[PDB]
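The next block is upload-v8.pdb, given as PDB, C-alpha atoms.
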ATOM      1  CA  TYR A   1       0.000   0.000   0.000  1.00  0.00           C
ATOM      2  CA  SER A   2       0.913   3.699   0.110  1.00  0.00           C
ATOM      3  CA  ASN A   3       2.151   3.491   3.715  1.00  0.00           C
ATOM      4  CA  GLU A   4       4.876   0.800   3.625  1.00  0.00           C
ATOM      5  CA  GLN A   5       2.479  -1.745   5.141  1.00  0.00           C
ATOM      6  CA  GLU A   6       2.398  -5.449   4.280  1.00  0.00           C
ATOM      7  CA  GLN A   7      -0.855  -7.416   4.087  1.00  0.00           C
ATOM      8  CA  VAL A   8      -1.534 -10.999   3.001  1.00  0.00           C
ATOM      9  CA  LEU A   9      -4.601 -11.897   0.939  1.00  0.00           C
ATOM     10  CA  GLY A  10      -4.009 -15.650   1.267  1.00  0.00           C
ATOM     11  CA  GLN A  11      -1.911 -18.353  -0.338  1.00  0.00           C
ATOM     12  CA  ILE A  12      -2.614 -20.806  -3.142  1.00  0.00           C
ATOM     13  CA  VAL A  13      -3.034 -24.340  -1.816  1.00  0.00           C
ATOM     14  CA  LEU A  14      -1.660 -27.446  -3.530  1.00  0.00           C
ATOM     15  CA  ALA A  15      -3.786 -30.569  -4.031  1.00  0.00           C
ATOM     16  CA  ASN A  16      -1.501 -33.588  -4.474  1.00  0.00           C
ATOM     17  CA  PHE A  17      -3.252 -36.885  -5.126  1.00  0.00           C
ATOM     18  CA  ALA A  18      -1.585 -39.949  -3.662  1.00  0.00           C
ATOM     19  CA  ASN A  19      -2.432 -41.799  -6.901  1.00  0.00           C
ATOM     20  CA  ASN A  20      -2.133 -39.828 -10.135  1.00  0.00           C
ATOM     21  CA  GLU A  21      -3.058 -41.042 -13.643  1.00  0.00           C
ATOM     22  CA  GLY A  22      -6.600 -41.595 -12.354  1.00  0.00           C
ATOM     23  CA  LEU A  23      -7.805 -38.004 -12.782  1.00  0.00           C
ATOM     24  CA  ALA A  24     -10.360 -37.611 -15.555  1.00  0.00           C
ATOM     25  CA  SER A  25      -9.257 -34.870 -17.926  1.00  0.00           C
ATOM     26  CA  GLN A  26     -12.046 -32.367 -18.545  1.00  0.00           C
ATOM     27  CA  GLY A  27     -12.438 -29.200 -20.570  1.00  0.00           C
ATOM     28  CA  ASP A  28      -9.107 -27.493 -21.178  1.00  0.00           C
ATOM     29  CA  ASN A  29      -6.083 -28.670 -19.152  1.00  0.00           C
ATOM     30  CA  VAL A  30      -8.029 -29.383 -15.951  1.00  0.00           C
ATOM     31  CA  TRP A  31      -8.641 -32.641 -14.100  1.00  0.00           C
ATOM     32  CA  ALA A  32     -11.656 -33.751 -12.075  1.00  0.00           C
ATOM     33  CA  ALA A  33     -10.992 -36.121  -9.188  1.00  0.00           C
ATOM     34  CA  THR A  34     -12.814 -39.448  -9.222  1.00  0.00           C
ATOM     35  CA  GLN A  35     -12.687 -42.945  -7.763  1.00  0.00           C
ATOM     36  CA  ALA A  36      -9.301 -44.696  -7.579  1.00  0.00           C
ATOM     37  CA  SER A  37      -7.579 -41.299  -7.522  1.00  0.00           C
ATOM     38  CA  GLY A  38      -7.657 -40.288  -3.842  1.00  0.00           C
ATOM     39  CA  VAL A  39      -8.587 -37.043  -2.130  1.00  0.00           C
ATOM     40  CA  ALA A  40      -7.004 -33.710  -3.027  1.00  0.00           C
ATOM     41  CA  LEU A  41      -4.798 -33.758   0.109  1.00  0.00           C
ATOM     42  CA  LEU A  42      -4.493 -29.996   0.376  1.00  0.00           C
ATOM     43  CA  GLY A  43      -1.364 -28.506   1.893  1.00  0.00           C
ATOM     44  CA  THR A  44       1.285 -25.827   1.683  1.00  0.00           C
ATOM     45  CA  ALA A  45       4.005 -25.458  -0.957  1.00  0.00           C
ATOM     46  CA  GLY A  46       6.896 -25.695   1.506  1.00  0.00           C
ATOM     47  CA  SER A  47       7.793 -29.381   1.709  1.00  0.00           C
ATOM     48  CA  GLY A  48       6.325 -32.852   2.095  1.00  0.00           C
ATOM     49  CA  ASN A  49       4.097 -34.123  -0.717  1.00  0.00           C
ATOM     50  CA  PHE A  50       4.430 -30.767  -2.506  1.00  0.00           C
TER      51      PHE A  50
ATOM     52  CA  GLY B   1       6.536 -34.348  30.530  1.00  0.00           C
ATOM     53  CA  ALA B   2       8.122 -36.660  27.961  1.00  0.00           C
ATOM     54  CA  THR B   3       9.953 -39.927  28.674  1.00  0.00           C
ATOM     55  CA  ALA B   4      13.614 -39.872  29.660  1.00  0.00           C
ATOM     56  CA  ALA B   5      15.765 -41.525  26.993  1.00  0.00           C
ATOM     57  CA  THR B   6      18.927 -43.545  27.623  1.00  0.00           C
ATOM     58  CA  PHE B   7      21.438 -44.449  24.922  1.00  0.00           C
ATOM     59  CA  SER B   8      25.015 -45.674  24.540  1.00  0.00           C
ATOM     60  CA  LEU B   9      27.968 -43.944  22.885  1.00  0.00           C
ATOM     61  CA  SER B  10      31.000 -45.914  21.694  1.00  0.00           C
ATOM     62  CA  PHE B  11      34.556 -44.590  21.362  1.00  0.00           C
ATOM     63  CA  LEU B  12      35.815 -47.685  19.522  1.00  0.00           C
ATOM     64  CA  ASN B  13      38.314 -47.141  16.688  1.00  0.00           C
ATOM     65  CA  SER B  14      39.743 -43.904  18.078  1.00  0.00           C
ATOM     66  CA  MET B  15      43.496 -43.337  17.773  1.00  0.00           C
ATOM     67  CA  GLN B  16      45.346 -40.571  19.632  1.00  0.00           C
ATOM     68  CA  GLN B  17      48.687 -40.339  17.817  1.00  0.00           C
ATOM     69  CA  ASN B  18      49.319 -36.579  17.560  1.00  0.00           C
ATOM     70  CA  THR B  19      47.401 -36.270  14.278  1.00  0.00           C
ATOM     71  CA  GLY B  20      47.598 -32.493  14.265  1.00  0.00           C
ATOM     72  CA  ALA B  21      44.830 -31.289  16.576  1.00  0.00           C
ATOM     73  CA  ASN B  22      41.533 -32.702  17.825  1.00  0.00           C
ATOM     74  CA  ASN B  23      39.742 -34.335  14.894  1.00  0.00           C
ATOM     75  CA  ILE B  24      36.573 -36.346  14.255  1.00  0.00           C
ATOM     76  CA  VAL B  25      36.416 -39.036  11.570  1.00  0.00           C
ATOM     77  CA  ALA B  26      32.883 -40.458  11.717  1.00  0.00           C
ATOM     78  CA  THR B  27      29.899 -40.142  14.053  1.00  0.00           C
ATOM     79  CA  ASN B  28      26.487 -41.805  13.872  1.00  0.00           C
ATOM     80  CA  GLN B  29      23.561 -42.948  16.009  1.00  0.00           C
ATOM     81  CA  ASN B  30      20.388 -45.016  15.633  1.00  0.00           C
ATOM     82  CA  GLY B  31      17.878 -42.424  16.818  1.00  0.00           C
ATOM     83  CA  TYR B  32      16.396 -41.204  13.539  1.00  0.00           C
ATOM     84  CA  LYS B  33      13.645 -38.624  13.911  1.00  0.00           C
ATOM     85  CA  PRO B  34      10.232 -39.233  12.326  1.00  0.00           C
ATOM     86  CA  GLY B  35       9.874 -37.955   8.786  1.00  0.00           C
ATOM     87  CA  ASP B  36       7.341 -37.482   6.009  1.00  0.00           C
ATOM     88  CA  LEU B  37       7.078 -39.625   2.878  1.00  0.00           C
ATOM     89  CA  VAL B  38       8.772 -37.708   0.059  1.00  0.00           C
ATOM     90  CA  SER B  39       8.922 -40.177  -2.831  1.00  0.00           C
ATOM     91  CA  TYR B  40       9.221 -43.877  -3.644  1.00  0.00           C
ATOM     92  CA  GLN B  41      11.319 -45.682  -6.234  1.00  0.00           C
ATOM     93  CA  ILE B  42      12.052 -49.197  -7.482  1.00  0.00           C
ATOM     94  CA  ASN B  43      15.611 -50.510  -7.343  1.00  0.00           C
ATOM     95  CA  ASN B  44      17.176 -53.059  -9.675  1.00  0.00           C
ATOM     96  CA  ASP B  45      17.258 -55.643  -6.862  1.00  0.00           C
ATOM     97  CA  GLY B  46      13.463 -55.914  -6.636  1.00  0.00           C
ATOM     98  CA  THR B  47      12.913 -54.223  -3.267  1.00  0.00           C
ATOM     99  CA  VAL B  48      10.579 -51.280  -2.666  1.00  0.00           C
ATOM    100  CA  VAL B  49      12.092 -48.401  -0.678  1.00  0.00           C
ATOM    101  CA  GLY B  50      10.277 -45.462   0.905  1.00  0.00           C
ATOM    102  CA  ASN B  51      12.191 -42.200   1.265  1.00  0.00           C
TER     103      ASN B  51
END
Will you turn the file into structure tokens for me?
Amino acid sequence: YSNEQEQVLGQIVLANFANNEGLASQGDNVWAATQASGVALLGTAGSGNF
Amino acid sequence: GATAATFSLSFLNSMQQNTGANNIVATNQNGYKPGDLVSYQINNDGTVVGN
């Protein structure tokens, strides 16, 4: 801002499936989760499964 | 309020023969901390290893 102040509007989460290649491709370059693909498993971008 | 831990440290294979100054060659223990599953791979020997 105009007063040397820092604010956060959020962070983008990462959804890493435990089992890829099971996501149904839909539309343009997006995937819809389905059976035999696992949950999104949301988490940060620091380390771990991301 | 954790549990007190007892371990053993070995000085075996340590030679004091005026090799300059105090020096350390190797040091290890068997108290690995818990970790998070990064990736998995298949080796040529048929075993599955989790990193």
Work out how far CA of residue 34 in chain B is from CA of residue 46 in chain B, in Å to one decimal.
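Between these atoms lies a distance of 25.5 Å.
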Find the residues of chain B that sit at most 9 Å from chain A; for each, write down the nearest two atoms and how far apart they are in Å, to one decimal. Count all atoms listed in the file. Sort by chain, then by number going up, and give it as JSON lines.
{"residue": "B:36", "atom": "CA", "partner": "A:48", "partner_atom": "CA", "distance": 6.1}
{"residue": "B:37", "atom": "CA", "partner": "A:48", "partner_atom": "CA", "distance": 6.9}
{"residue": "B:38", "atom": "CA", "partner": "A:48", "partner_atom": "CA", "distance": 5.8}
{"residue": "B:39", "atom": "CA", "partner": "A:49", "partner_atom": "CA", "distance": 8.0}
Point out the residue among B:17, B:48, B:8, B:43 with the least atom-to-atom distance to residue 29 in chain B, counting all atoms listed in the file.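 Closest to residue 29 in chain B, using all atoms listed in the file: B:8.
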Computed gap from CA of residue 41 in chain A to CA of residue 20 in chain A is 12.2 Å
Report task. Step by step, work through what the PyMOL selection byres ((chain B and resi 50) around 6) selects in the shown file, and finish by giving those residues as a list in words. Result ->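 Checked against the file, the PyMOL selection byres ((chain B and resi 50) around 6) matches residues 40, 49 and 51 of chain B.
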In Å and to one decimal, CA of residue 25 in chain A is distant from CA of residue 46 in chain A by 26.9 Å
Next item on the list: Taking the file above as input, evaluate the PyMOL selection byres ((chain B and resi 25) around 12) and report the hits as number ranges by chain.
Entry: B: 11-15, 19, 22-24, 26-28
Near residue 13 in chain A, within 9 Å and counting only C-alpha atoms, which residues show up once chain neighbours fewer than 6 positions away are dropped, as a PyMOL selection string? chain A and resi 42-45
Find the axis-aligned box for range 3-18 of chain A, covering all its listed atoms and adding 8 Å on each side, and write its centre and edge lengths in Å to one decimal as AutoDock Vina command-line options.
--center_x 0.1 --center_y -18.2 --center_z 0.0 --size_x 25.5 --size_y 59.4 --size_z 26.3
* Asked: Neighbours of residue 24 in chain A within 8 Å (all atoms listed in the file; same-chain residues fewer than 3 positions away dropped), as a PyMOL selection string?
  -> chain A and resi 31-34
Writer output for current selection, C-alpha atoms, as a PDB file, keeping the file's coordinate frame:
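Writing done, so here's selection28.pdb:
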ATOM      1  CA  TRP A  31      -8.641 -32.641 -14.100  1.00  0.00           C
ATOM      2  CA  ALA A  32     -11.656 -33.751 -12.075  1.00  0.00           C
ATOM      3  CA  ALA A  33     -10.992 -36.121  -9.188  1.00  0.00           C
ATOM      4  CA  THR A  34     -12.814 -39.448  -9.222  1.00  0.00           C
TER       5      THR A  34
END
### Message
Counting all atoms listed in the file, I want the residues whose atoms come within 6 Å of (-5.1, -40.5, -6.3) in the file frame, returned as a PyMOL selection string.
### Response
chain A and resi 17-20+37-38
